[PDB]
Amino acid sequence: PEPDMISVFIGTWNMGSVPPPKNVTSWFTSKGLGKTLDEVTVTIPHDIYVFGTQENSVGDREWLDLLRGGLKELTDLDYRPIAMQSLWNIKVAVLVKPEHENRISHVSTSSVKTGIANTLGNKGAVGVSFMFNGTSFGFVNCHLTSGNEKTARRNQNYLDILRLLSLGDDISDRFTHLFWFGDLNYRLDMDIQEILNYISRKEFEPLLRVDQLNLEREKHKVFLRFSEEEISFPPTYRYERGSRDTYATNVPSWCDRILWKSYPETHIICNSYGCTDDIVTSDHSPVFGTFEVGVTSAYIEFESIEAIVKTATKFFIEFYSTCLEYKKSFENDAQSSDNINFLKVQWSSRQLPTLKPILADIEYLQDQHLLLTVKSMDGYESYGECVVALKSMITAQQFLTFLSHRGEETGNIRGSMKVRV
């Protein structure tokens, strides 16, 4: 009866403060350049459409009506808005096929301004989250600091959004699938003429080697734990308005991006990632991404858990899951330190709780996830969280993962657990 997979469309477009054209068909249908949807059979009406825009001067009401009208003319379906959020001229909207409206719950929205001198809200982010049956989704649409030289400012904008957006403890591990897209504004570290030469040859690999987002991700400095699909479309900025023949330091760049972060052992596949070449009202080309995503419609026991945490003495663990009705441990009963500012802490089975899932079916349990948070006895401060999938843990089996807190890696965790049915 209920679906076990959905198709999600994500579109991002910096509209350049001018009216869009009446027809943006190519954007909605993943047609143009890059990884595209070419066949009739794969160009499907998606279950969820998410539209993120920047420099959007269309009124909220009017823009949503254009999206609803556009989807209706395209699909013959009356797509239902489930949420929308604007921050000044940064706007996101989520629309769902009518047959799925009953499956949506726990809708949330949020926005954050980023700036030192500027808090107008033309730089920042907007966010929307919800549950589709038992699977949660977060969508963040941003517009970060511009300029070739401002990489460090963009990385800080990212960190500030991650820490301050109140969707649904940062947002990193709040959702089964977190999509982050927009005008990220990362540029190419290369001279204008060399860039244009490579673009003429349709040779994108030499350019992608000097893309600042790729370099910063590779250096572990931003978008930790996010993935991006391979880019095979030309830079989406900066074009002359009225054609895509001519690019206008502001060298050509892939400013407009879609990235995702998913819970372990989930099903997610990127089916398209590209840009249009026939929408020409803005100095940016619209970018599309489509995804196939899995959705979901007994005693959990721990033999032991060991963690290494950054600290300069006693810690406990909180266990959280949507499949539970929340639970906690006693303090660690052992600790040691090979190195200064790191503490190895151990919890024997006596210190650890037994968790009780709501249903006992294997098909239900294999799709669930546990959130573990390590907190200090003194102050109840989080020193790190991680997510463990139950899919491979159903004898005792070992999990091994890493602790994160507010965008910093803060240690690791290893444990033995049993899921009995």
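Throughout, we count residues from 1 along the sequence that is shown.
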(request) Please count the deposited residues lying between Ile394 and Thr395 that the model leaves without coordinates, and give the class: none, 1 to 3, 4 to 9, or 10 or more. (result) 1 to 3
(message) Counting only residues that lack coordinates, how big is the gap in the deposited sequence between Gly168 and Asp169? Pick none, 1 to 3, 4 to 9 or 10 or more.
(response) 4 to 9
(message) On mean Cα temperature factor in this entry, is 349-357 or 27-35 the higher one?
(response) 349-357
(request) Read off the CA B-factors in the entry, average them over 133-141 and over 183-191, and name the higher stretch. (result) 183-191
(message) Quiz for you: based on the deposited Cα B-factor, which of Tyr299, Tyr273, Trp254, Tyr79 is highest?
(response) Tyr299
(message) Out of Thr281, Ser336, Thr290, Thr75, whose C-alpha atom has the biggest B factor in the entry?
(response) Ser336
(request) Among all modelled residues of this chain, ranked by Cα B factor, put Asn412 in the bottom, middle or top third, i.e. lowest, middle or highest. (result) middle
(message) For the chain shown, is the CA B-factor of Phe330 in the lowest, middle or highest third of its modelled residues?
(response) highest
(request) Pull the Cα B-factor of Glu55 out of the PDB entry and bin it into the chain's lowest, middle or highest third. (result) lowest
(request) Would you check the entry's CA temperature factor for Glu303 and let me know if it's in the chain's lowest, middle or highest third? (result) highest
(message) Which third, lowest, middle or highest, does the C-alpha temperature factor of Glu385 belong to within its own chain?
(response) middle
